[PDB]
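Note that the protein sequences, when read in sequence, are chains A and D. Each position in the first sequence, counted from 1, maps to that position plus 1210 in the authors' numbering. Each position in the second sequence, counted from 1, maps to that position plus 1210 in the authors' numbering. As structure tokens, the structure follows; a few thoughts come after it.
Number of protein chains: 2
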Amino acid sequence: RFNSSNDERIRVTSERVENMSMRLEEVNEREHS
Amino acid sequence: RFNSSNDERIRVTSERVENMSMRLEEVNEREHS
């Protein structure tokens, strides 16, 4: 019940979005062509 | 009506965010240069 609440889903989504954006910024900053 | 509630949208967004984050981490890990 705890793992499927709205607040937990919003929190985990925010954390993973932040991490994914940071990784994508690193990938884009490292172009070679 | 069921497909357009807030909880369903949050759940779908969370699932796709997790999947996309895993895929982007896999792509970033595999680099040829």
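Cβ atoms here follow ideal geometry from the backbone N, Cα and C, with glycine treated the same way.
1) Confirm, please, whether the CB-CB distance from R1233/A to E1236/D is below 8 Å.
2) Helix, strand or coil for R1221/A, going by three-state DSSP, please let me know.
3) For chain C, check one thing: does any of its Cβ atoms lie closer than 8 Å to the Cβ of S1231/D?
4) Is the shortest distance between the beta-carbon of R1211/A and the beta-carbons of chain D less than 8 Å?
5) Would DSSP call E1239/A helix, strand or coil?
Walking through what the data contain:
1) Contact: no.
2) In this structure, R1221/A counts as helix in the three-state DSSP scheme.
3) Going by chain labels, chain C is absent from the structure shown, which instead holds the protein chains A and D.
4) No, no contact with chain D.
5) Residue state, collapsed to three classes: helix.
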